[PDB]
Amino acid sequence: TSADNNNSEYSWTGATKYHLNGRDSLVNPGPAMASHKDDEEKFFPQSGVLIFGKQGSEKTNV
Amino acid sequence: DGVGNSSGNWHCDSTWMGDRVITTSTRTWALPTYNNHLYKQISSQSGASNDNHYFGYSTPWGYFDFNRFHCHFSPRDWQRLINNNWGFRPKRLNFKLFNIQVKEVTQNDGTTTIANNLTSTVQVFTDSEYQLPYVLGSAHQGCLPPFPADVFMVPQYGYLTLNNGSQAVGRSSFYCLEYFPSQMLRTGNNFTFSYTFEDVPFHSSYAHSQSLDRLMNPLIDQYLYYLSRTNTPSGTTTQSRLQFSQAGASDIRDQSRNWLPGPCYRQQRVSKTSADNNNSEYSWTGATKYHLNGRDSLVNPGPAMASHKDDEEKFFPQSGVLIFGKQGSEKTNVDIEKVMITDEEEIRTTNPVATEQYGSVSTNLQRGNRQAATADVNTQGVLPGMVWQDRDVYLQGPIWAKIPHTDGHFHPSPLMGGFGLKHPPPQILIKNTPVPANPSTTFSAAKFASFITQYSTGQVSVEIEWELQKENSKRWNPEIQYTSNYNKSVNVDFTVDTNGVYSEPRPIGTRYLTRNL
Amino acid sequence: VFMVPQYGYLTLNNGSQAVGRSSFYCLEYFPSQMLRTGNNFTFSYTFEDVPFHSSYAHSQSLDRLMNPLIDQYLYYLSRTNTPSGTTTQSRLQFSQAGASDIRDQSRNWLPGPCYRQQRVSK
Amino acid sequence: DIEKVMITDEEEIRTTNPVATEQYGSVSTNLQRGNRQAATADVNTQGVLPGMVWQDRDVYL
Amino acid sequence: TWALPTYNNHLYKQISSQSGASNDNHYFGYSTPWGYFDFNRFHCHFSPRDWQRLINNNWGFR
Amino acid sequence: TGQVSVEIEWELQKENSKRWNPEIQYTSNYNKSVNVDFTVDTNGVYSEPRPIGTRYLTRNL
Amino acid sequence: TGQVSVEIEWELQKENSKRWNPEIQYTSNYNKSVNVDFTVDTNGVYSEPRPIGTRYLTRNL
Amino acid sequence: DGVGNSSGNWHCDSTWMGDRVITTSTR
């Protein structure tokens, strides 16, 4: 639900990352962890799950 | 046999055949009498800090130590190994003691005289059941010297047990080594034994030509999506809108990946240029440490981590690398020009840099009125999906360590480098048999305190077979090789000087060849 | 003489309620032996290969494994500054660790993992 | 009350295992320099590392 | 020597945590008419003298 | 009601210790007492007075 | 001077005791100390701190 | 035999097997 999220650009600043030879990589999907607890199906980890595109979806900012 | 026959011959060479190399080293040793034949309780001094307390025993015995690579490989041999092989491991060893000479010393009248005692013995036994404290694998001096013409002194054996302060506890163990069976050797007797190494993984003597974050095809996009924008411009402001992209080469940091870098235990960074460091005493206060039974120990070298990132070769972890001394360096508070600091830069393809954070994790639950917050991860235990390289080995460095006898030991590769062995090459202990001096003609029940001054010398041979994993590399362009420097110089690297002193000018690792991940 | 305990089990809950994945088991849906006075029941079991329990304590500590009589050939950073005139200046200095500075020795092993507990006094 | 219960002692494993109520150790948290002093932090939770050894918990009658 | 009663008056019963329980204490499950045998303690097998004989003389057991 | 028997075979790893000095053993206490440890009382109640672990012998690391 | 060896074989009669409660054993003392019992001191002198008999186990008459 | 050969080796240990124990002491 769009209204529950902060109005800001945190897709990178708030991202889970690792650091290798002075570089940051997004941890995606990362270690296997539960997407949400009971009755919270609307929540998911920022980069913690696999996300597939629907047929005909585009490359950038869908 | 007899007195006029040598019990062995001098063997030094390397034999390269197929996937095997056999090294042989012969040296001349001298063994004194230690502790005037006594066992002694030893402990830390009264004014010592708690972190420095110890309790233990010094013994009259000596022991043989060939747990460094130089003891076996010549510098040219080490070059031949590291330029041509992706891996190596030890298979079996042979050990010989021969040409034993016991000598009497009379220091009477301020004049020294040395005479052969053809009747006296040395005692030798292997601890093949590992029933004594194993002090090999603690990086002690007293190895067979790297240069074959040098004569070395046999180091004195001692051990530590449980202490509370400078005192023992109920669980402290004392060991009499004469309670073991040993061989007694007179001039003309020799000592041999053989040992087989357990199956151990090859040391990886290569570097990776790929990095763990660069493993994808740069030409093709992923079919998976990541969250690329969390808000979008709405009129005069932004509104919350989640948006998703497939990652290609343009956003290569955002790609879905299968693996994680190895674990981390963060070290403080120090510069080889003196002016970049803080003017303060932080060698202990700023040190990476662990805490065991109320004591702090320096973590040195610790887990295998990259010494520095790109273009930062002047930086190294405070206690995160092996540091060797240059020839003639002293014990205490030497300058940085007196020591040689190894570089573990090669493993930064898969291992975190020792002085950086492992990464960032989320610390809160964001919402309309709470922004997302992250935190640096300064210590990261192992996760499923982590990959890493072990620390490199050096010609000056250790070969094996004894895996501690415990219920659990994760990835028991020793942290100073080399081969972890549950049954390492056993300790070979040696001492001169005490020969009492002139006794009284009236019986006394007191133990003898007066002995004839003696020492022993002889030759020792050590022969190790190594299994090789040959480099089979399909890359088109030529690779990195270890080479000697090209120019003229006063002395040649890895040679004696005009005074006859052999020196090792630099540390040499194994990782010159490359492989893909 | 002891009383036989009653068998019960738990499955997935959401609050005090079950979910779709909750399983129910009828034990009478298994085959069982019926025993009348004068019948007996036997069975045998072999344990899998399992490591021995270590019924000993260690007489050595992991931070005290070296020979106290011999120095190390490795160096550690022992001083980061040195007195210069009326103050100090940054100067890195290195020592080989012996028995006098036994906390500073290069070692091969680390203590086991930790998950810190609060301390209470008797 | 505490006189009604018997509290086991796992003291034996302190040769290889951290004390349950102490930190595992200290790690560096920053990059020092001329104007920044080195800072450390206590490690209160430590996952397994390569080179760790430990004993398991004891069993009782 | 053991004694076995009739449990649950021969019934299977759905059981759950009480209504006022905290979230950490919620549970759902079943009580059965069956009993079970439990010898998973060391005292069940070793006498105190036997345990002494074991622990004073052996580095390990399984 | 009935009788139940349980029979377990255990494999032992015997202590083979080369230390010179004597070791720690579990022992019963030396003095007089009203009741003996690990016994019944005058009312027939068996009790276990303390926990007993396994780790009395020592080994090197 | 020389070396002397003495080798003695001893026949054992093993304890086969059916008592329920644990027995008395010889054990080393539990606490810390300057020296360990049955060890050398800092000067290399071995000492025997106490007499040790044989009668720790029990039997019925 | 001869002068350069030791006439024996050092034996100290105890061997516990069954109902027997064998002690060896060299001094």
Side-chain angles (χ1 to χ4, degrees), chain B residues 35 39-59 133 135 138-141 155-174 281-300 318-319 330-334, chain C residues 58-80 93-109 111, chain D residues 11 14-16 18-19 22-23 25-26 40, chain F residues 61, chain G residues 31-36 39-44:
Chain B
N35 283 348
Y39 289 80
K40 291 172 180 173
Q41 166 184 336
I42 59 178
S43 56
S44 60
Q45 294 297 358
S46 178
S49 64
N50 188 44
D51 289 347
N52 287 132
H53 285 306
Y54 64 88
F55 181 92
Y57 299 100
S58 64
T59 74
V135 303
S138 297
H140 292 296
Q141 306 170 350
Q156 189 182 1
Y157 177 75
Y159 62 91
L160 296 170
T161 185
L162 297 187
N163 65 313
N164 188 337
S166 64
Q167 296 190 341
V169 299
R171 287 200 289 268
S172 296
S173 302
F174 170 68
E281 180 58 29
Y282 52 91
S283 62
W284 180 244
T285 60
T288 297
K289 305 181 269 278
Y290 73 75
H291 201 62
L292 189 72
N293 191 26
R295 286 206 288 260
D296 275 2
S297 289
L298 183 67
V299 173
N300 187 26
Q318 173 161 343
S319 62
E330 314 208 290
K331 174 176 170 285
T332 311
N333 288 328
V334 304
Chain C
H58 285 112
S59 78
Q60 278 178 311
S61 64
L62 194 70
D63 54 349
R64 305 283 185 267
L65 292 178
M66 64 299 284
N67 188 332
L69 305 172
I70 314 300
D71 289 5
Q72 282 184 323
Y73 54 81
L74 292 173
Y75 283 80
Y76 73 99
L77 178 67
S78 64
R79 284 198 298 179
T80 56
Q93 287 180 330
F94 300 88
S95 297
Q96 285 169 326
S100 277
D101 49 350
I102 192 163
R103 71 175 187 191
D104 287 330
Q105 301 213 358
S106 299
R107 293 171 179 88
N108 278 318
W109 311 109
Chain D
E11 146 186 344
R14 65 193 175 196
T15 46
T16 55
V19 171
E22 306 290 334
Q23 76 278 2
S26 295
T40 55
Chain F
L61 267 174
Chain G
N31 289 337
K32 54 174 186 234
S33 295
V34 175
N35 299 137
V36 189
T39 311
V40 298
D41 56 12
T42 64
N43 297 127

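So you know, we letter chains A, B, ... as the sequences are listed, proteins then strands, and number each from 1.
To the nearest 0.5 Å, the span separating CG on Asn35(B) from NZ on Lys40(B) amounts to 4.0 Å. Interatomic distance, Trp284(B) CH2 to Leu298(B) CG, rounded to the nearest 0.5 Å: 6.0 Å. Atoms OG1 and CD, on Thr59(B) and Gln156(B) in that order, are 6.0 Å from each other to the nearest 0.5 Å. Between the OH atom of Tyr282(B) and the CG atom of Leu77(C) there is a distance of 7.0 Å, given to the nearest 0.5 Å. For the atom pair OH of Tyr75(C) and CG of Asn333(B), the computed distance is 10.5 Å after rounding to the nearest 0.5 Å. A distance of 7.5 Å separates CG of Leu292(B) from OG1 of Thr15(D), quoted to the nearest 0.5 Å.
Side-chain contact check for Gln93(C) versus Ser95(C): every heavy-atom pair is 4.5 Å or farther apart. The shortest side-chain heavy-atom distance between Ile102(C) and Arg64(C) falls under the 4.5 Å cut-off. Between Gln41(B) and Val36(G), every side-chain heavy-atom pair lies at or beyond the 4.5 Å cut-off. A 4.5 Å side-chain heavy-atom check between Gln72(C) and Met66(C) finds every atom pair outside the cut-off. Contact check for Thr16(D) versus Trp109(C): no side-chain heavy atoms found under the 4.5 Å cut-off. You'll find the side chain of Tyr290(B) reaches within 4.5 Å of the side chain of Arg107(C), heavy atoms only. A heavy-atom distance below 4.5 Å is not found between the side chains of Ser44(B) and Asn52(B). Counting heavy atoms from C-beta on, the side chains of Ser78(C) and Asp104(C) never come closer than 4.5 Å.
Classified by interplanar angle (parallel below 30°, tilted 30° to 60°, perpendicular above 60°), the ring pair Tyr159(B)/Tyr57(B) is tilted.
For the residue pair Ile42(B) and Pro68(C), the shortest heavy atom distance occurs at CD1-CG, 3.7 Å. Annotation for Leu65(C) and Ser138(B): closest pair O-OG, 3.4 Å, computed over non-hydrogen atoms. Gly98(C) and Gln105(C) get closest at one heavy-atom pair: O-NE2, 2.8 Å. Shortest non-hydrogen contact noted between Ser106(C) and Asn300(B) is OG-ND2, 2.9 Å. Pairing each heavy atom of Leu62(C) with each of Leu61(F), the nearest pair is N-CD1, 3.7 Å. For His58(C) against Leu162(B), the heavy-atom pair with the smallest separation is O-CD1, 3.4 Å.
A donor-acceptor pair is defined here as one N or O able to donate and one able to accept, closer than 3.5 Å; such a pair exists between the side chain of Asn50(B) and the backbone of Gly294(B). Distance alone, capped at 3.5 Å, is enough to place a donor-acceptor pair between the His140(B) side chain and the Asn67(C) backbone.
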Inset, instruction - Apply the test side-chain contact (heavy atoms from CB on, under 4.5 Å) to residues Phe55(B) and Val169(B): give CA-CA distance (whole Å), side-chain angles for both, the deciding distance (0.1 Å), then the verdict. - result: CA-CA 10 Å; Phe55(B) 181 92; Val169(B) 299; over 6 Å; no
Inset, instruction - I would like to know whether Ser61(C) and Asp63(C) meet side-chain hydrogen bond (donor to acceptor under 3.5 Å, both in side chains); could you show each step before the answer? - result: CA-CA 5 Å; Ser61(C) 64; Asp63(C) 54 349; 2.7 Å; yes
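Counted within 6.0 Å of NZ on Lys331(B), heavy atoms from surrounding residues, nucleotides or ligands total more than 12; the atom is thus considered enclosed. Counting heavy atoms of neighbouring residues, nucleotides and ligands inside a 6.0 Å radius, atom CD of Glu330(B) does not exceed 12 of them. For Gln45(B), the CD atom sits in a loose shell: 12 or fewer heavy atoms of surrounding residues, nucleotides or ligands are nearer than 6.0 Å.
Listed by first and then second residue, the side chain to side chain donor-acceptor pair (under 3.5 Å) pairs that reach into residues 161-171 of chain B are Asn163(B)-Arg295(B), sequence neighbours excluded.
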